[PDB]
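Survey of secondary and tertiary structure
What follows is each chain in one-letter form.
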Amino acid sequence: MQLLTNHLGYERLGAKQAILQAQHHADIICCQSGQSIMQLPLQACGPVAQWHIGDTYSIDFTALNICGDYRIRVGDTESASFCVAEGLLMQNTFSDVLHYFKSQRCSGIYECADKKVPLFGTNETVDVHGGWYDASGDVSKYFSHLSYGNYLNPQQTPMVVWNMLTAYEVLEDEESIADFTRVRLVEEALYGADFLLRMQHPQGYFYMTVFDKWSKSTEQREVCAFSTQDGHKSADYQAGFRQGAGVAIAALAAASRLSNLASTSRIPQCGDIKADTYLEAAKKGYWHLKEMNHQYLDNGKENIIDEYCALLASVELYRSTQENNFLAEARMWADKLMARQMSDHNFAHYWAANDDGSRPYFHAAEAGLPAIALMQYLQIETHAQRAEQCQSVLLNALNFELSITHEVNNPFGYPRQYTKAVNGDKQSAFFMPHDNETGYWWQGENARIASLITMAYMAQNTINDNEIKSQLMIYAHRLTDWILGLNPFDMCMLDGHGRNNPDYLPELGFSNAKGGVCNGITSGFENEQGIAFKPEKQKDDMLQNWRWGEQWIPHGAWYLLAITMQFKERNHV
Amino acid sequence: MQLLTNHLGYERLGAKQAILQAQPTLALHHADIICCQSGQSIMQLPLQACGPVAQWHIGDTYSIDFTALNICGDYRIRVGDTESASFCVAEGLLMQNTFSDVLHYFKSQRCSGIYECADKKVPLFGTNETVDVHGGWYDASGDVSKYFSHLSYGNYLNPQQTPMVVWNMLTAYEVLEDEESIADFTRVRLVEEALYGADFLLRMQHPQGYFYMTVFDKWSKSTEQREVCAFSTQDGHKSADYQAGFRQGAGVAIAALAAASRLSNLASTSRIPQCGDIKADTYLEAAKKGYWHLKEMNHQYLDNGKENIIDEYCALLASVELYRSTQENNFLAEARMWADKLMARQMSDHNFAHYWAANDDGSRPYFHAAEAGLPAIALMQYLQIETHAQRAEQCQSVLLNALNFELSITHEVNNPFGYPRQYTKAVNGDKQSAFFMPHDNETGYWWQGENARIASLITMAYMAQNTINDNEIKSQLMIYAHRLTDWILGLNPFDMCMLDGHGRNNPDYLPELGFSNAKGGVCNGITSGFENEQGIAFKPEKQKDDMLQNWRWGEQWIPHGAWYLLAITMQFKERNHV
Ligand code: NA
Ligand code: NA
């Protein structure tokens with residue numbers, strides 16, 4: 001018998017569960033007392049897919065709202081201690097995540113190299129210094145990659161910037177947040193913004209990547225795109241809306257607006273914030289891609305990823321300029337994005353990746369973004385009928401997430417998805433399919449998980465359905481639990497907190513950093529109905545083991561925004 | 001009862017203990033060491049009573065010596081029905097588990113953003129000139145000011161700050177050079193951090209040759225208030241005495257710049273990825289210029305105009321490194337002059353033979369909350385260059401006497417935790433031995449936990465392994481170094497690991513004000529009682545919420561991490577020492 005909990009703890013007013021894996025009822029013990037304060041029943045749950053973890057029971061101790069330290073006991077099996085606190089993850093983890101970013105800033109010989117990096121295929125060198133190393137084992141810097149697969153592009157460095165700026169605005173009205181924390185957060189954000197400036201060519205487009213073929217050599221760093229697990233470079237480095245650039249424009253436009261917030265006047269300053277420079281870059285990049293986008297896409301065709309990224313761009317540009325043309329632009333993108341919601345024989349209201357819905361949208365970094373982008377758009381849409389129609393597509397999208405998550409036995413509340421392999425049919429699953437358009441790529445989904453936590457909390461201020469809001473709060477707390485150690489490996493994936501933190505290749509000097517988040521758990525390597533983390537047969541194989549333990553900056557950025565949204569909503573019952 | 005252990009664990013070879021806190025009245029007489037994986041006891045051990053400690057009032061304690069355990073794995077201690085937490089026995093343990101995190105800690109504390117923007121044009125106190133002193137690291141988890149040193153008005157308390165970080169990193173980089181199991185990417189990270197620091201040292205040098213003592217904001221976190229200055233007292237009154245004498249960081253800064261200039265001698269330097277060349281000549285010329293300028297001016301920069309032990313250990317480092325980097329006889333003559341001065345600081349009185357004196361007649365003993373291992377470490381550096389047989393033997397006699405003194409004073413009284421003791425004197429008190437520095441001292445306010453001091457004495461105990469010729473002393477120094485290491489990592493009466501991110505009960509500083517401790521960093525730590533100097537305290541109830549006092553315990557400060565990083569690197573070098 002093992003009692004699994006969130007290794008850190010539970011938000012004071014959140015949904016609260018533990019999972020017993022055993023082949024009784026449960027006590028909740030006050031640590032300070034040593035004595036039982038609740039006695040609760042075990043709800044039986046079936047076996048999960050082919051995870052082969054035995055039967056499980058959940059214990060629901062949501063009603064506990066007393067701040068303290070507690071333990072769960074069943075029989076003579078005790079969980080580890082965990083904490084219940086208001087603002088628990090804000091209080092215990094938010095600072096560490098900023099230090100993680102500052103520790104990952106491109107610096108020393110790499111920063112020196114990146115002042116004079118060549119454009120692939122040419123001898124022209126450009127100054128693209130700044131930003132962050134992408135991963136605990138990769139000093140390359142990315143807008144996105146996997147572009148040659150079309151449907152898999154993750155938003156990388158730009159997403160970190162937009163997430164931090166958006167977190168900063170959310171915290172603006174929080175009295176218990178200190179101005180020094182604002183100084184640190186906006187610094188990391190504008191540091192990122194400054195790199196997004198340097199990644200823009202005079203023509204207006206942004207570079208996709210500064211890539212060294214994973215060599216760690218300064219001489220191999222080049223502005224390029226790249227494809228396959230062999231990292232073959234190409235000259236197709238102009239970033240289309242889905243290849244990072246839409247989110248970069250969105251982040252730049254948000255950055256230009258900081259002087260709208262009272263804290264920006266109050267905190268210490270030096271120089272002035274280059275506000276107009278950010279805004280002009282965002283506008284220029286935007287009108288450039290409305291001219292050039294399709295020519296930058298590998299298959300020449302826009303898909304749901306373009307549409308949510310361009311929606312964020314045009315929305316932020318509208319908030320930052322109040323120019324009617326950007327509201328028209330946002331309406332245009334929102335209409336397209338809403339039309340990706342489609343129904344078939346398996347699901348009502350799933351998200352389509354392509355035009356006919358034959359390829360469902362699923363995304364290991366950012367599955368919450370279609371709904372997130374719609375919520376952002378809802379903050380600006382004053383047309384009552386457009387707002388109403390959008391609310392309903394947004395409600396169906398939230399319902400679809402809950403519904404597919406609950407379709408099958410799922411004691412952990414792992415957010416399920418609708419996927420398709422290249423030689424396979426559409427099907428619901430826990431984890432992304434391994435046979436996809438990249439021909440190799442799949443890994444833990446912590447960023448995707450945190451993007452869905454972010455969507456669930458954002459919905460609290462957006463929708464009207466109190467029942468759905470309720471189920472979202474619960475969904476959000478269990479996805480949070482998974483990342484923080486309530487999973488079958490009893491493993492906290494936020495480094496420096498909880499137990500069993502995994503490492504990457506510290507024997508080779510590629511160690512995971514405190515405050516960072518790793519890729520995480522996948523299906524099995526041979527059995528895609530299985531579950532795995534550093535499975536025995538691949539654990540020592542360097543061509544494969546990065547799928548599990550390596551850290552990657554989008555995980556940390558989406559976790560940062562997730563916990564900031566949790567903090568906003570921490571008292572909404 | 002409670003079983004206290006190193007929260008992380010024990011280096012595979014050498015001294016290992018746990019401490020039991022239990023009633024005087026304990027019927028039990030043995031401990032078992034349990035293998036976590038199987039639950040089998042693999043060793044059974046006697047309990048040795050240690051007796052009460054000073055006026056700590058922690059009750060009775062017993063030590064459990066499981067040094068004989070060499071077998072890698074996870075274990076716990078059991079006494080009766082009481083068990084300790086689990087811990088690891090591993091070769092290279094702290095290197096494997098903490099080194100990378102301490103480097104990420106430094107990179108996380110680099111001066112950046114608006115503070116970097118301010119420091120490119122910071123005013124010099126009392127003038128209308130401004131200077132570009134950007135770079136380096138924030139001094140503390142609650143202080144974005146940057147320091148060579150401070151407490152200069154107290155004369156005997158100056159701690160080596162930013163410069164010590166750079167010398168410690170460079171010294172660690174060199175020790176690691178012939179370690180096959182350290183990866184080159186680690187070397188890239190460590191030399192980056194060290195040269196980042198050395199670059200800041202260069203910007204801190206005035207064209208005349210002296211270094212600025214401090215870039216200080218009166219603790220305000222205001223960009224405009226930053227200013228090159230000295231300051232004094234707890235109110236931070238600024239002044240124009242910002243020329244750093246040898247003891248005010250400048251001697252260690254010269255040592256660091258001279259060590260930096262030599263990195264091209266190391267095979268790794270050519271091997272790792274390049275982006276142009278390290279500024280070797282620039283560092284060496286600055287070190288020489290700074291050195292000769294203080295040979296002329298030092299006395300004028302000192303608050304009482306008189307050098308003391310701290311000038312002599314810092315200037316011994318400076319001259320030893322300049323000799324190493326130049327091979328010029330000139331610098332070996334300097335180093336010999338400084339060593340002769342430092343050795344003459346060892347004195348005896350009715351309490352202690354061969355204590356260290358801070359002033360000329362030994363009426364004020366040397367004690368130092370950041371760096372008490374430095375007199376012996378400087379002498380060890382010098383022994384590395386001294387070719388003359390009689391000079392070496394005489395210096396070895398003084399060193400062995402100093403190592404014996406630290407072991408004697410630590411073992412003078414009941415001391416289950418092996419806390420390194422020291423010989424102190426309050427401004428209106430007599431010389432006496434103690435655990436913790438005296439609260440009534442020349443500063444009129446300053447005292448705090450001693451982690452950097454603890455790690456400098458760990459560093460001294462491991463450097464001795466390669467320097468001295470006495471096996472029995474080398475052996476008691478290994479034991480001492482291990483217990484010092486335990487204290488920092490949670491084998492203490494607070495059951496508190498003070499390396500943030502590792503172990504349990506990590507303390508914070510003022511996170512509700514946005515001043516959060518950083519993972520990989522080390523806090524000040526434990527002190528005597530606030531009212532009772534014979535007691536022990538860490539965030540005591542009466543002062544825990546008082547901001548004029550609570551910085552003494554939980555705040556992080558960069559000397560602690562930097563001395564911790566060197567201490568574990570010297571342990572790693574000596575890990576196979578049979
Ligand atoms: Na492209
Ligand atoms: Na001075």
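Attention now goes to the overall build of chain A. Summing up its helical and strand segments, chain A has 15 helices and 20 strands in all. For chain A, the C-alpha radius of gyration of 23 Å lies close to 25 Å, the compact-globule estimate for 573 residues. In chain A, which comprises 573 residues, the proportion classed as buried is 68%. For chain A, the exposed surface amounts to about 19700 Å²; the carbon and sulfur share of it is 45%.

All names here are of chain A. Summarising the metal site, the sodium ion (ligand 1) is bound by the protein donors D236 (O), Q238 (O), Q243 (OE1) and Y296 (O), whose distances to it range over 2.3 to 3.2 Å. If you list the donors of the sodium ion (ligand 1) from N- to C-terminus, the spacing comes out as D-x1-Q-x4-Q-x52-Y. In this pair, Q238 sits in the loop between strand 16 (232–234) and helix 5 (241–255) while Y296 sits in helix 7 (residues 275–296), placing the two residues 58 residues apart along the sequence. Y296 gets classed as buried once you look at its relative accessible area, which sits at 12%.

Here we come to the sheet that holds strand 13 (residues 146–147) of chain B. Residue and element names in this part refer to chain B. Strands sit in the order 13-14-15 across an open sheet of 3 strands; the sheet is antiparallel. This sheet does not close on itself; its edge strands, each paired only once, are strand 13 and strand 15 (227–228). Both strand 13 and strand 14 (residues 214–216) contribute to a ladder of 2 bridges, which runs antiparallel. Bridging from a neighbouring strand, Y147 pairs with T214 of strand 14.

Moving on to the pattern of salt bridges. Within the structure shown, the criterion is met by 59 salt bridges over all chains. For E169 of chain A, the salt bridge is made with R319 of chain A, and the minimal N-O distance between the two is 3.0 Å. Placement of the pair is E169 of chain A in helix 3 (residues 157–171) and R319 of chain A in helix 8 (residues 304–321), with a sequence separation of 150 residues. A salt bridge links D360 of chain B to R345 of chain B, with the nearest nitrogen and oxygen atoms 2.8 Å apart. One end of the pair, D360 of chain B, is in the loop between strand 19 (355–356) and helix 10 (374–383); the other, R345 of chain B, is in the loop between helix 9 (329–343) and strand 18 (346–347), with 15 residues separating them in the sequence. Among the residues examined, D360 of chain B registers a relative accessible area of 44% and is labelled partly exposed.

On to the coordination of the sodium ion (ligand 2). Residue and element names in this part refer to chain B. For the sodium ion (ligand 2), the full set of protein donor atoms is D241 (O), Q243 (O), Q248 (OE1) and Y301 (O), at a range of 2.2 to 3.2 Å. The class for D241 is partly exposed, based on a relative accessible area of 47%. Under the relative-accessibility criterion, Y301 is labelled buried at 9%.

Chain A puts 39 residues into the contact, and the matching count from chain B is 38 residues. Regarding the contact of chain A and chain B, the summed buried area is about 2900 Å², with carbon and sulfur atoms giving 61% of it. For chain A, the biggest contributors to the area lost against chain B are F180, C270 and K514 of chain A; these three give 22% of the whole. For the pair chain A and chain B, the interface holds 2 salt bridges. With its nearest N and O atoms 3.1 Å apart, the salt bridge here joins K514 of chain A to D101 of chain B. At the junction of chain A with chain B, the criterion picks out 14 residue pairs in polar contact. Every element with two or more residues in the side of chain A that touches chain B is listed here: helix 1 (88–103), helix 2 (108–114) and helix 4 (179–198) of chain A.

Attention now moves to the domain arrangement of chain A. Residue and element names in this part refer to chain A. Considered domain by domain, chain A is made up of domain 1 (1–87) and domain 2 (88–573). Placing a centre on the C-alpha atoms of domain 1 and another on those of domain 2 gives a separation of 32 Å. In this assembly, 31 residues from domain 1 lie in contact with 36 residues from domain 2. Surface buried jointly by domain 1 and domain 2 totals about 3000 Å² across both partners, of which 61% is contributed by carbon and sulfur atoms. Per-residue buried area on domain 1 facing domain 2 is highest for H7, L8 and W51; these three make up 27% of the total on that side.

Residues and elements named next belong to chain B. Secondary-structure assignment places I468 in the loop between helix 12 (451–467) and helix 13 (471–488). Here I468 falls in the buried class, since its relative accessible area comes to 2%. In this structure the C-alpha to C-alpha distance between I468 and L403, which are 65 residues apart in sequence, comes to 9.8 Å. Ignoring sequence-local partners within four residues, the contact set of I468 consists of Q396, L399, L400, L403, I473 and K474.

Bringing the state of the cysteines into the picture now. For the coordinates displayed, the defined rule picks out 2 disulfides over all chains. A disulfide bridge connects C112 of chain A with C275 of chain B, and the sulfur atoms are separated by 2.0 Å. Given an S-S torsion of about -75°, the disulfide between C112 of chain A and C275 of chain B has left-handed geometry. Here the residue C112 of chain A occupies a position in helix 2, and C275 of chain B occupies one in the loop between helix 6 (267–271) and helix 7 (280–301), the pair thus bridging two chains. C275 of chain B sits in the buried class, given a relative accessible area of 15%. Note that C270 of chain A is cross-linked by a disulfide to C117 of chain B, the S-S spacing being 2.0 Å. Sign of the S-S torsion, about -75° for the bond between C270 of chain A and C117 of chain B, identifies this disulfide as left-handed.

To characterise two packed helices, one gives the angle between the axes of the helices and the distance between these axes. Residues and elements named next belong to chain B. Put simply, helix 5 (residues 246–260) and helix 7 touch, their axes get as near as 8 Å, and they point 160° apart. Put simply, helix 5 runs roughly antiparallel to helix 7. Of the two elements, helix 5 crosses helix 7, and the hand of that crossing is left-handed. Of the residues in helix 7, those touching helix 5 at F246, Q248, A250, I254, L257, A258 and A260 are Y283, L284, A286, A287, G290, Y291, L294, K295, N298 and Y301.

Residue and element names in this part refer to chain B. Here chain B is partitioned into domain 1 (1–92) and domain 2 (93–578). Put simply, the middle of domain 1 and the middle of domain 2, counted by C-alpha atoms, are 32 Å apart. Each partner contributes to the interface: domain 1 provides 30 residues, whereas domain 2 provides 35 residues. Summed over both sides, the interface of domain 1 with domain 2 buries roughly 2900 Å², with 60% coming from carbon and sulfur. Considering only the surface of domain 1 that becomes buried against domain 2, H7, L8 and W56 emerge as the three largest contributors, covering 28% of it. For the interface between domain 1 and domain 2, the tally reads 1 salt bridge. With its nearest N and O atoms 2.9 Å apart, the salt bridge here joins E91 to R575. Between the two partners, domain 1 and domain 2, sit 16 residue pairs in polar contact.

Negative phi values dominate among residues other than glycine, just as trans dominates among peptide bonds. You will see that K534 of chain A, though not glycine, has its phi angle at about 45°, which is positive. Relative to the helices and strands, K534 of chain A resides in the loop between helix 13 (466–483) and helix 14 (546–549). The phi dihedral of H354 of chain B falls on the positive side, at around 60°, and the residue is not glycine. Tracing the backbone through its elements, the reader meets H354 of chain B in the loop between strand 18 and strand 19.

Here we take up the packing of aromatic side chains. This model, assessed by the stated rule, comprises 81 aromatic pairs over all chains. An angle of 70° between the planes, with centres 5.9 Å apart, marks the rings of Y286 of chain A and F326 of chain A as edge-to-face. Here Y286 of chain A is found in helix 7, whereas its partner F326 of chain A is found in helix 9 (residues 324–338), with 40 residues between them in sequence. Each residue in the set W51, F412, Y414, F430, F431 and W482 of chain A is aromatic and connected to the rest through ring pairs, giving one cluster. We note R570 of chain A situated over the ring of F567 of chain A; from NZ or CZ to the ring centre the distance is 4.0 Å. The positively charged end of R110 of chain B is found above the aromatic ring belonging to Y196 of chain B, 4.3 Å away from the centroid.

Hydrogen bonds between backbone groups are what pair the strands of a sheet, and the pairing can be parallel or antiparallel. With antiparallel pairing, the 4 strands of this open sheet are ordered in space as 1-3-7-6 (chain B). Two strands in the sheet have a free side with no partner beyond their single neighbour: strand 1 (2–4) and strand 6 (48–49) of chain B.

This paragraph deals with the packing of helix 11 (residues 389–411) of chain B against helix 12 of chain B. Residues and elements named next belong to chain B. Here helix 11 crosses helix 12 at 140°, and the two axes come no closer than 12 Å. Overall, the two elements helix 11 and helix 12 adopt an arrangement that is oblique. Crossing handedness for the pair helix 11 and helix 12: left-handed. Seen from helix 11, the contacting residues are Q396, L399, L403 and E406; seen from helix 12, they are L457, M460, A464 and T467. A per-class count over the contact of helix 11 with helix 12 returns 5 nonpolar, 2 polar and 1 charged.

About the thresholds
- Residues numbered from 1 in each chain as written, not as in the entry; some residues may be left out.
- Chains lettered and ligands numbered in written order.
- Heavy atoms only, no water.
- Helix = DSSP H or I, 4+ residues; strand = E, 2+ residues; numbered from the N terminus.
- Rg over C-alpha atoms; globule rule 2.2 N^0.38 Å.
- Buried < 20%, exposed > 50% of the residue type's maximum accessible area, 1.4 Å probe, protein only.
- Areas by Shrake-Rupley, 256 points an atom, 1.4 Å probe, with all protein chains shown as cover.
- Donors = N, O, S within 2.8 Å, 3.2 Å for Na, K, Ca; no water.
- Pairing = 2+ DSSP bridges.
- Salt bridge = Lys/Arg side-chain N within 4 Å of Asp/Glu carboxyl O.
- Contact = heavy atoms within 4.5 Å.
- Buried area = accessible area lost by both parts, 1.4 Å probe.
- Polar contact = N/O pair within 3.5 Å; in protein donor to acceptor, adjacent residues only side chain to side chain.
- Domains from an automatic or database assignment.
- Disulfide = S-S within 2.5 Å.
- Axes fitted to C-alpha atoms, helices over the stretch in contact; angles between N-to-C directions.
- Parallel < 35°, antiparallel > 145°, perpendicular 65-115°, else oblique.
- Left-handed = near helix turned anticlockwise from the far one by under 90°.
- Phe/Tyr/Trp six-rings, centres within 6.5 Å; stacked < 30°, edge-to-face > 60°.
- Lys NZ or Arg CZ within 6 Å of the ring centre and 35° of its normal.
- Nonpolar A, V, L, I, M, F, W, Y, C, P; charged D, E, K, R; others polar.

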